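Note that the numbering runs from 1 along the sequence shown for the chain. We use all heavy atoms of the structure for the numbers below, so side chains are in, but hydrogens, waters and symmetry mates are not. One-based numbering, in listed order, for ligands and for the atoms of each.
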Amino acid sequence: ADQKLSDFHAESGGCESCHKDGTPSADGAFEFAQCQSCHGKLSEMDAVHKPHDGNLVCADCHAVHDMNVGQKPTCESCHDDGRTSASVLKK
Ligand code: HEC
Ligand code: HEC
Ligand code: HEC
Ligand code: HEC
């Protein structure tokens with residue numbers, strides 16, 4: 001069955017893996033800290049991730065409830081040059 005990223009994570013730690021008491025915060029800071037607690041920091045990631053260190057939280061790209069496992073974010077919501085992850089990773 002198609003699984004969202006939120007659901008995939010919840011199978012290995014519950015909704016509380018990312019949300020205090022399984023309940024979302026208003027400003028997403030708690031959740032961003034959880035993402036980084038397992039995955040590390042943007043500055044230690046690849047070329048798509050690094051420039052966003054200090055500017056974005058993970059959820060500004062990864063819409064974990066809306067996106068399938070496997071589905072990755074695109075760039076057009078914030079950049080107007082047609083860039084893709086491919087165009088940046090394999091620059
Ligand atoms: C981390 C991989 C997550 C897991 C596991 C689950 N959710 Fe989540 N959810 C996550 C983020 C980054 C956000 C947005 C930021 C925020 O502040 O939370 C969300 C959002 C939701 C929402 C919407 C909140 C809003 O519209 O005000 C809800 C209701 C929500 N999440 C519920 C929820 C449940 C019930 C989960 C377990 C099945 C669950 N989330 C897991 C990240 C993650
Ligand atoms: C530890 C308890 C975690 C928290 C909190 C979050 N993630 Fe996670 N994530 C974790 C594991 C062990 C895995 C599986 C290994 C893998 O890399 O696949 C994942 C996976 C993802 C993925 C998929 C990566 C891929 O294989 O293509 C994404 C994109 C991802 N996680 C994002 C992410 C975000 C945005 C989180 C906070 C909202 C988050 N994870 C929390 C472990 C943990
Ligand atoms: C938009 C600018 C993003 C932000 C902010 C974060 N991620 Fe991301 N992530 C994005 C894309 C387009 C992709 C696919 C291309 C790639 O660079 O690999 C990813 C991929 C991941 C993965 C898998 C990496 C792999 O080698 O397979 C993980 C686990 C992941 N992203 C996690 C993650 C976390 C935890 C973030 C906040 C610290 C985060 N990403 C931010 C786009 C974007
Ligand atoms: C808004 C939520 C964003 C999304 C989606 C993506 N990026 Fe981004 N990017 C964002 C900010 C706030 C910044 C800081 C500099 C700026 O443009 O104002 C960046 C920066 C980059 C850069 C550095 C070079 C530059 O254009 O400034 C790269 C290489 C970059 N962003 C790549 C990139 C890719 C590949 C994305 C889609 C996966 C992507 N960004 C999404 C904000 C946002």
Side-chain angles (χ1 to χ4, degrees), residues 1 3-40 42-43 45-65 67-91:
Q3 183 78 140
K4 300 297 188 201
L5 196 53
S6 55
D7 297 313
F8 168 63
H9 287 85
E11 291 276 327
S12 288
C15 305
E16 61 274 21
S17 194
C18 294
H19 295 303
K20 186 176 68 49
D21 299 322
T23 295
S25 72
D27 66 7
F30 184 93
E31 286 80 7
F32 177 45
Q34 293 286 42
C35 313
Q36 292 177 95
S37 77
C38 300
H39 287 284
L42 285 167
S43 62
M45 290 180 177
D46 71 19
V48 170
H49 291 79
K50 298 172 166 179
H52 303 98
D53 188 78
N55 293 303
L56 297 188
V57 301
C58 315
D60 287 326
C61 294
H62 296 282
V64 299
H65 283 269
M67 288 173 165
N68 171 285
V69 177
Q71 175 182 176
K72 288 287 185 318
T74 62
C75 317
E76 82 290 337
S77 74
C78 292
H79 295 292
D80 71 353
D81 76 345
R83 75 185 67 181
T84 67
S85 63
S87 77
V88 168
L89 285 174
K90 287 298 194 174
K91 177 175 70 197

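- Summary of contacts: the protein heavy atom closest to atom 35 (C) of ligand 2 is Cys58 CB, 3.6 Å.
- Each of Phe30 and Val57 belongs to its own hydrophobic cluster when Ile, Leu, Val, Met, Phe, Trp and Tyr are linked at side-chain heavy-atom distances under 4.5 angstrom.
- For the ligand labelled ligand 2, residue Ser17 lies inside the 4.0 Å heavy-atom shell.
- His62 and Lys72 get closest at one heavy-atom pair: CE1-CD, 4.1 Å.
- Summarising the local packing, CG of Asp27 is surrounded by more than 12 heavy atoms from other residues, nucleotides or ligands at distances under 6.0 Å.
- Closest to atom 15 (C) of ligand 1, if we only count protein heavy atoms, is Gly28 CA, 4.1 Å.
- Taking every heavy atom of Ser77 and a limit of under 4.0 angstrom, the matching atoms of ligand 4 come to 5 (C).
- Each protein N/O/S atom under 2.8 Å from atom 8 (Fe) of ligand 1 was counted, for a total of 2.
- Checking atom 27 (O) of ligand 4 against the protein gives no heavy-atom contact under 4.0 Å.
- Distance CG/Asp46 to CG/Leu89: 5.0 Å, rounded to 0.5 Å.
- Of all the atoms in ligand 4, the ones that sit under 4.0 Å from a non-hydrogen atom of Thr74 are 37 (C).
- Contact between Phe32 and ligand 2 is absent, with no heavy atom of the residue lying under 4.0 Å from the ligand.
- Protein heavy atoms are found inside the 4.0 Å sphere centred on atom 2 (C) of ligand 2.
- In this structure, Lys72 counts as a contact residue of ligand 2, since one of its heavy atoms falls inside 4.0 Å of the ligand.
- Around atom 8 (Fe) of ligand 2, protein N, O or S atoms at less than 2.8 Å number 2.
- Under the 4.0 angstrom criterion, atom 9 (N) of ligand 1 counts as having a protein heavy-atom contact.
- Of all atoms in ligand 4, listed by their number and element, those nearer than 4.0 Å to a heavy atom of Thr84 are 35 (C).
- The shortest distance between side-chain heavy atoms of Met45 and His52 does not fall below 4.5 Å.
- The protein heavy-atom contact nearest to atom 13 (C) of ligand 2 is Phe8 CE2, 3.9 Å.
- Near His62, meaning under 4.0 Å from any of its heavy atoms, are these atoms of ligand 2: 29 (C), 35 (C).
- Vertex atom 8 (Fe) of ligand 4, arms ending at NE2 of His52 and NE2 of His79: the angle is 180° after rounding to 10 degrees.
- Proximity of atom 37 (C) of ligand 4 to the protein is indicated by at least one non-hydrogen atom lying closer than 4.0 angstrom.
- The nearest protein atom to atom 16 (C) of ligand 1, hydrogens excluded, is given as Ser25 O, 3.5 Å; this is a heavy-atom distance.
- Looking at residues two or more places apart in sequence or on another chain, you find a side chain to side chain contact (heavy atoms under 4.5 Å, CB included) between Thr74 and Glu76.
- Close approach of ligand 1 to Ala59 is summarised as follows: ligand atoms under 4.0 Å from at least one heavy atom of the residue are 12 (C).
- Here's the thing with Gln34: none of its N/O atoms is less than 3.5 angstrom from an N/O atom of ligand 2.
- Within the structure, the closest approach of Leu89 to ligand 4 does not fall below 4.0 Å when heavy atoms are considered.
- When only interatomic distances are considered, the shortest N/O to N/O separation between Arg83 and ligand 4 falls below 3.5 Å.
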Kindly list each side-chain donor-acceptor pair under 3.5 angstrom involving residues 9-23, sequence neighbours excluded, with atom names and distances?
residue, atom, partner, partner atom, Å
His9, ND1, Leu5, O, 2.8
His19, ND1, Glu31, OE2, 2.7
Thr23, OG1, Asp21, O, 3.3

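- For atom 14 (C) of ligand 4, the closest non-hydrogen atom of the protein is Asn55 ND2, 3.9 Å.
- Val88 and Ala47 make their closest contact through CG1-O, 3.7 Å (heavy atoms, listed as atom of the first residue, atom of the second, distance).
- Scanning the protein for heavy atoms near atom 22 (C) of ligand 4, the closest one is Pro51 CB, 3.4 Å.
- For atom 18 (O) of ligand 4, no protein heavy-atom neighbour is found at a distance under 4.0 Å.
- Heavy atoms only, all atoms of each residue included: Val64 and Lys4 are closest at O-CB, 3.8 Å.
- Not a single donor-acceptor pair under 3.5 Å links the side chain of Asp53 to the backbone N or O of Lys50.
- Atoms OG and CZ, on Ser37 and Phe32 in that order, are 11.0 Å from each other to the nearest 0.5 Å.
- Residue contacts to atom 8 (Fe) of ligand 4: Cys75 brings no N, O or S atom closer than 2.8 Å.
- Annotation for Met67 and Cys61: closest pair CE-O, 3.6 Å, computed over non-hydrogen atoms.
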